[PDB]
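Worksheet: the structure to be examined is printed underneath.
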Amino acid sequence: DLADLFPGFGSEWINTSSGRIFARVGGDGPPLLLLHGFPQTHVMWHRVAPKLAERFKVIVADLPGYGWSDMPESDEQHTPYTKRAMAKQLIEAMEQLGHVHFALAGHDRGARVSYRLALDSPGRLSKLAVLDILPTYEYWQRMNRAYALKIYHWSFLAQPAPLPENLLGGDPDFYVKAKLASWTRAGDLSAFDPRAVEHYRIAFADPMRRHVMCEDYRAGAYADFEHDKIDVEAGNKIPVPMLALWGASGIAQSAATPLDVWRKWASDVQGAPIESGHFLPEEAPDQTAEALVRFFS
Amino acid sequence: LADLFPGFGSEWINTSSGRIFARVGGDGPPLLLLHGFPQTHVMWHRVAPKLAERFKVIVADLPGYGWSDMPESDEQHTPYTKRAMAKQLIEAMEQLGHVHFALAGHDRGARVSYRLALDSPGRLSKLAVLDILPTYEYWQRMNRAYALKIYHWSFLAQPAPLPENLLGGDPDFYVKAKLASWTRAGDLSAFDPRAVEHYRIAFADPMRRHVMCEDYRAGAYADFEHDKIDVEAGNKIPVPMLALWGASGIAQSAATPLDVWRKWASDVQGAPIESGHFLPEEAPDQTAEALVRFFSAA
């Protein structure tokens, strides 16, 4: 029923102390971890991972609680779904494969895991690439009418349970499709492989999975923000070489100039726009893969 | 549905934009009461009788709410902008022979009310607004804490049919959650259960829910732009004005309410009431006393 979009990639269930991380694993060479975001699963990398796997051992993981990864029990502080906890859990996952020094590219929520991992444990990363985000602190700091309307879901999904869970249950198929379509350049589903969309839709049809996603956004509104705040106030920067990519018509550019912002957070950052909406690896797979390959090699 | 205004008449007022439904009672100078979201005119049922001892009280459903007709919206949500709603209610009041009247509004109706006083101040003898700041002020203060508090301002303004599709899975849940979450107590205990049934029935209608989202879309766009024109041009409401807010309501979370209203109104007095957002139901005696005192002064 669900198409395998990674021909020749193996499938790994990686055990960690917080649950299993599901991953597709392929390629050969230095390890490169790829982290998806909301409302997607690892399969969003299906068009650029084969090209990365020409030069790297590509590990395409479902975030904790997403996709086929286990869903650790949350708590009042949404702790397991804070970016700090997810980063620790993925480090453990990578340690299970003997990868203690790896490259990392993340998109959306996974990119928030990624830059938090680089702030908390920079020795773990050879190079970091973030796709179409600014730091979570920067979104909340810039919160105004324009961005409240554009990223309303940051405030909506962070409401206390079961308010967003109940409303998402009103038409989950519509919601996940509406999020997919509305953040592309085209404004519809045509930039996606319909088989990938099926993965996203089935993931989003599980009420427990939708609850995890809300826990992620609740963390994003509270602890994740407090963790970012400590670093800005302490002036802590990312020392790992970093690439920031953003869609010309995506989420990040709409609020600021992303490279300008990321230079405040990182000492060595290069950046480039991609002609794309939010979903860089699916709307512009050749451009995204090209820039990732050069940066990572 | 229960009649919560014993002795009040029922009137269907024709206007160019559709019919306005109103309970009418009392005698004396005309006083219009405008509910808000997610309510209907019956939210006034605990204060209207006390008001009706001194005023001809007209308790109207907003255009598109409760039992009033629902004009078809458009790309700019024009009929549900506060400016258009105010014009419709002026038309309605003219059909009753009230070209100069007192006005108290709550929530959305309070937004209609101050917009009315800006566009057509000659129609108002006095104005009371309950637990609101101007729409401009909410958007201007929209930082992280406030975006989380009044998330619904951004969620309901999302383009159709996103909030409509999510609201239709369990409309009872959402309307009761909004009624409950904004009260002091945080449950439905302040409300008359007969009143809650009115609110829940109105909300069960998908066309009514659409209108509410249209209201919120106007509130994010045109309503904002209209207010923006007035603040930046320094236009102030010249009508004697009472700003009432709940100590635990929405207005006070954004800023200090009286301070904000003094930027918008040249003759404003203000008082907190110990209550959540829903002043006339959570604090009916104190609300009614403030309104009677204010409207029967000069």
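Chain identifiers are assigned as A, B, and so on, following the order in which chains appear in the structure tokens; residues are numbered from 1 within each chain, and ligands are numbered from 1 in order of appearance.
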For segment 40-64 of chain B against segment 70-92 of chain B, with a cut-off of 12 Å and counting only C-alpha atoms, what is the closest atom pair and its distance in Å to one decimal for every residue that makes the cut, ordered by chain and number, as CSV?
```
residue,atom,partner,partner_atom,distance
B:58,CA,B:92,CA,10.6
B:59,CA,B:89,CA,11.4
B:60,CA,B:89,CA,8.8
B:61,CA,B:89,CA,9.8
B:62,CA,B:85,CA,7.4
B:63,CA,B:85,CA,6.3
B:64,CA,B:70,CA,4.0
```
Residues of chain B within 6 Å of chain A, only C-alpha atoms counted, as a PyMOL selection string
chain B and resi 139+142-144+148+151+154-155+166+169
Using only C-alpha atoms for the distances, tell me which of B:69, B:207, B:185, B:1 is nearest to residue 18 of chain B.
B:69
Can you list, as a compact mmCIF listing (two decimals) with C-alpha atoms, in the first residue's frame, every protein, DNA or RNA residue that comes within 10 Å of residue 24 of chain A when you count only C-alpha atoms, leaving out same-chain residues fewer than 6 positions away?
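Output file around_38.txt is given in full below:
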```
# COMPACT_ATOMS: atom_id res chain seq x y z
CA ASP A 4 9.17 2.32 -1.01
CA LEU A 5 10.69 5.54 -2.33
CA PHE A 6 14.32 4.59 -1.53
CA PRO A 7 15.17 1.69 -3.86
CA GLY A 8 18.31 0.01 -2.59
CA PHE A 9 18.24 1.72 0.78
CA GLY A 10 18.05 -0.59 3.73
CA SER A 11 15.58 -0.01 6.53
CA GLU A 12 16.87 0.29 10.07
CA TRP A 13 15.01 0.30 13.39
CA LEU A 34 18.76 13.80 6.98
CA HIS A 42 11.61 10.80 6.12
CA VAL A 43 10.28 10.09 2.62
CA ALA A 49 18.80 11.19 -1.00
CA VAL A 58 22.85 8.67 3.94
CA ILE A 59 20.67 8.03 6.99
CA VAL A 60 17.09 9.23 6.43
CA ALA A 61 15.42 9.17 9.84
CA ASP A 62 11.90 9.72 11.05
```
Tell me, counting only C-alpha atoms, for each residue of segment 98-212 of chain B within 12 Å of segment 231-235 of chain B, which pair of atoms is nearest and how far apart they are in Å to one decimal, in rows ordered by chain and increasing number, as a Markdown table.
```
| residue | atom | partner | partner_atom | distance |
| --- | --- | --- | --- | --- |
| B:114 | CA | B:235 | CA | 11.9 |
| B:115 | CA | B:235 | CA | 11.4 |
| B:117 | CA | B:235 | CA | 10.8 |
| B:118 | CA | B:235 | CA | 7.7 |
| B:119 | CA | B:235 | CA | 10.1 |
| B:121 | CA | B:235 | CA | 11.5 |
| B:134 | CA | B:231 | CA | 10.1 |
| B:135 | CA | B:231 | CA | 11.1 |
| B:136 | CA | B:231 | CA | 8.3 |
| B:137 | CA | B:231 | CA | 9.7 |
| B:140 | CA | B:231 | CA | 11.6 |
```
Take the residues from that selection and write them out as an mmCIF file, in the first residue's frame, keeping N, CA and C atoms.
```
data_model
loop_
_atom_site.group_PDB
_atom_site.id
_atom_site.type_symbol
_atom_site.label_atom_id
_atom_site.label_comp_id
_atom_site.auth_asym_id
_atom_site.auth_seq_id
_atom_site.Cartn_x
_atom_site.Cartn_y
_atom_site.Cartn_z
ATOM 1 N N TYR B 114 -17.292 50.723 18.308
ATOM 2 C CA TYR B 114 -16.338 51.824 18.202
ATOM 3 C C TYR B 114 -16.116 52.210 16.750
ATOM 4 N N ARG B 115 -16.207 51.246 15.834
ATOM 5 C CA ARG B 115 -16.144 51.597 14.423
ATOM 6 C C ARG B 115 -17.315 52.500 14.058
ATOM 7 N N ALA B 117 -18.730 54.605 16.023
ATOM 8 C CA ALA B 117 -18.512 55.927 16.593
ATOM 9 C C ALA B 117 -17.462 56.705 15.808
ATOM 10 N N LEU B 118 -16.528 56.009 15.179
ATOM 11 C CA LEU B 118 -15.562 56.682 14.319
ATOM 12 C C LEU B 118 -16.191 57.136 13.004
ATOM 13 N N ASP B 119 -16.996 56.279 12.360
ATOM 14 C CA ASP B 119 -17.510 56.589 11.020
ATOM 15 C C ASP B 119 -18.706 57.532 11.072
ATOM 16 N N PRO B 121 -20.167 59.358 14.155
ATOM 17 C CA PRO B 121 -20.307 59.723 15.572
ATOM 18 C C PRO B 121 -21.610 60.447 15.886
ATOM 19 N N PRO B 134 -9.263 48.260 20.663
ATOM 20 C CA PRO B 134 -9.439 48.290 19.215
ATOM 21 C C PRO B 134 -8.638 47.199 18.524
ATOM 22 N N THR B 135 -9.167 46.787 17.380
ATOM 23 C CA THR B 135 -8.581 45.716 16.590
ATOM 24 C C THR B 135 -7.137 46.031 16.237
ATOM 25 N N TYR B 136 -6.878 47.276 15.841
ATOM 26 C CA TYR B 136 -5.506 47.687 15.594
ATOM 27 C C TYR B 136 -4.613 47.348 16.779
ATOM 28 N N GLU B 137 -5.068 47.671 17.993
ATOM 29 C CA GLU B 137 -4.210 47.510 19.158
ATOM 30 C C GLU B 137 -3.880 46.047 19.421
ATOM 31 N N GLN B 140 -1.199 45.132 16.870
ATOM 32 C CA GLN B 140 0.059 45.804 17.140
ATOM 33 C C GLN B 140 0.782 45.219 18.336
#
```
Set the distance at 7 Å and use only C-alpha atoms: which residues neighbour residue 269 of chain B once local chain neighbours fewer than 6 positions away are removed? I'd like the list as a list in words.
residues 241, 242 and 243 of chain B
For the residues selected in the previous step, produce a file with N, CA and C atoms as a PDB file, in the first residue's frame.
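Heads up, here's the output in selection_4.pdb:
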```
ATOM      1  N   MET B 241     -17.704  57.933  26.224  1.00  0.00           N
ATOM      2  CA  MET B 241     -17.408  56.533  26.045  1.00  0.00           C
ATOM      3  C   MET B 241     -17.084  55.907  27.391  1.00  0.00           C
ATOM      4  N   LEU B 242     -17.612  54.708  27.606  1.00  0.00           N
ATOM      5  CA  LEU B 242     -17.270  53.894  28.761  1.00  0.00           C
ATOM      6  C   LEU B 242     -16.566  52.635  28.275  1.00  0.00           C
ATOM      7  N   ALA B 243     -15.364  52.391  28.803  1.00  0.00           N
ATOM      8  CA  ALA B 243     -14.590  51.183  28.532  1.00  0.00           C
ATOM      9  C   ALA B 243     -14.651  50.314  29.777  1.00  0.00           C
TER      10      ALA B 243
END
```
Can you list, as an NGL selection string, every protein, DNA or RNA residue that comes within 9 Å of residue 40 of chain B when you count only C-alpha atoms, leaving out same-chain residues fewer than 6 positions away?
:B and (34 or 60-62 or 65-67 or 195 or 198-199 or 202)
Excluding residue 233 of chain A and residues on its chain fewer than 6 positions from it, collect all residues at most 12 Å away from it, counting only C-alpha atoms, and give them as a ChimeraX atom specification.
/A:137,226-227,264-265
Could you save those same residues with N, CA, C and O atoms as a PDB file, in the first residue's frame?
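Full text of result-v4.pdb as output:
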```pdb
ATOM      1  N   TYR A 137      13.574  31.012  18.224  1.00  0.00           N
ATOM      2  CA  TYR A 137      13.567  32.310  18.896  1.00  0.00           C
ATOM      3  C   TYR A 137      13.284  33.442  17.919  1.00  0.00           C
ATOM      4  O   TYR A 137      12.565  34.394  18.250  1.00  0.00           O
ATOM      5  N   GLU A 226      12.807  28.969  25.138  1.00  0.00           N
ATOM      6  CA  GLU A 226      13.667  29.269  26.275  1.00  0.00           C
ATOM      7  C   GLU A 226      15.091  28.770  26.040  1.00  0.00           C
ATOM      8  O   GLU A 226      16.065  29.407  26.463  1.00  0.00           O
ATOM      9  N   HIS A 227      15.242  27.631  25.374  1.00  0.00           N
ATOM     10  CA  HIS A 227      16.595  27.154  25.127  1.00  0.00           C
ATOM     11  C   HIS A 227      17.315  28.065  24.143  1.00  0.00           C
ATOM     12  O   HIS A 227      18.470  28.440  24.367  1.00  0.00           O
ATOM     13  N   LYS A 264      24.002  35.890  12.799  1.00  0.00           N
ATOM     14  CA  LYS A 264      23.905  36.194  14.222  1.00  0.00           C
ATOM     15  C   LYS A 264      24.005  34.936  15.076  1.00  0.00           C
ATOM     16  O   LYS A 264      24.383  35.010  16.250  1.00  0.00           O
ATOM     17  N   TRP A 265      23.646  33.780  14.521  1.00  0.00           N
ATOM     18  CA  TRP A 265      23.627  32.543  15.283  1.00  0.00           C
ATOM     19  C   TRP A 265      24.817  31.634  15.004  1.00  0.00           C
ATOM     20  O   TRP A 265      24.990  30.640  15.716  1.00  0.00           O
TER      21      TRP A 265
END
```
So that I can see what lies close to residue 208 of chain A, please list as a ChimeraX atom specification the residues with an atom at most 9 Å from it, counting only C-alpha atoms and leaving out residues fewer than 5 positions away in the same chain.
/A:65,71,213
In Å, with one decimal, what is the gap from atom CA of residue 116 of chain A to atom CA of residue 102 of chain A?
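About the pair atom CA of residue 116 of chain A and atom CA of residue 102 of chain A: they are 15.0 Å apart.
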Alpha helix (DSSP H) residues, from DSSP on the backbone, in segment 7-104 of chain A, as JSON, numbers by chain:
{"A": [49, 50, 51, 52, 83, 84, 85, 86, 87, 88, 89, 90, 91, 92, 93, 94, 95, 96]}
With N, CA and C atoms retained, export the selected residues as a CSV table (one decimal), in the first residue's frame.
```
chain,number,residue,atom,x,y,z
A,49,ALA,N,18.0,12.2,-1.7
A,49,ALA,CA,18.8,11.2,-1.0
A,49,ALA,C,19.6,10.3,-2.0
A,50,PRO,N,19.1,9.8,-3.1
A,50,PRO,CA,19.9,9.0,-4.0
A,50,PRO,C,21.1,9.7,-4.5
A,51,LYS,N,21.0,11.0,-4.7
A,51,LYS,CA,22.2,11.8,-5.2
A,51,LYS,C,23.1,12.0,-4.0
A,52,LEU,N,22.7,12.2,-2.8
A,52,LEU,CA,23.6,12.3,-1.7
A,52,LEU,C,24.3,10.9,-1.4
A,83,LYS,N,13.4,20.3,21.1
A,83,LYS,CA,14.5,20.0,20.1
A,83,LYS,C,15.8,19.5,20.8
A,84,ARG,N,16.0,19.9,22.0
A,84,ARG,CA,17.1,19.4,22.8
A,84,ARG,C,17.0,17.9,23.1
A,85,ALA,N,15.8,17.4,23.4
A,85,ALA,CA,15.6,16.0,23.7
A,85,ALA,C,15.7,15.2,22.4
A,86,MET,N,15.1,15.7,21.3
A,86,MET,CA,15.2,15.0,20.0
A,86,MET,C,16.6,14.9,19.6
A,87,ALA,N,17.4,16.0,19.7
A,87,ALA,CA,18.8,16.0,19.3
A,87,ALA,C,19.6,14.9,20.1
A,88,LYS,N,19.3,14.9,21.4
A,88,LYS,CA,20.0,13.8,22.3
A,88,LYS,C,19.6,12.5,21.8
A,89,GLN,N,18.3,12.2,21.5
A,89,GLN,CA,17.9,10.9,21.1
A,89,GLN,C,18.5,10.5,19.7
A,90,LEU,N,18.6,11.5,18.8
A,90,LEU,CA,19.2,11.1,17.5
A,90,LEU,C,20.7,10.9,17.6
A,91,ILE,N,21.4,11.6,18.5
A,91,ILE,CA,22.8,11.4,18.8
A,91,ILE,C,23.0,9.9,19.3
A,92,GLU,N,22.1,9.5,20.2
A,92,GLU,CA,22.1,8.1,20.6
A,92,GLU,C,21.9,7.2,19.5
A,93,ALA,N,20.9,7.5,18.6
A,93,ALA,CA,20.6,6.7,17.4
A,93,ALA,C,21.9,6.6,16.6
A,94,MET,N,22.5,7.7,16.3
A,94,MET,CA,23.7,7.6,15.5
A,94,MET,C,24.9,6.9,16.2
A,95,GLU,N,25.0,7.1,17.5
A,95,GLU,CA,26.0,6.3,18.3
A,95,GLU,C,25.7,4.8,18.1
A,96,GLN,N,24.4,4.4,18.0
A,96,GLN,CA,24.1,3.0,17.7
A,96,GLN,C,24.7,2.5,16.4
```
Between B:31, B:188, B:250, B:175, which has the minimum distance to residue 282 of chain B (counting only C-alpha atoms)?
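Once distances to residue 282 of chain B are computed over only C-alpha atoms, the minimum belongs to B:188.
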What does the structure give for the distance between atom CA of residue 21 of chain B and atom CA of residue 68 of chain B, in Å to one decimal?
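Computing it gives 4.9 Å between the two atoms.
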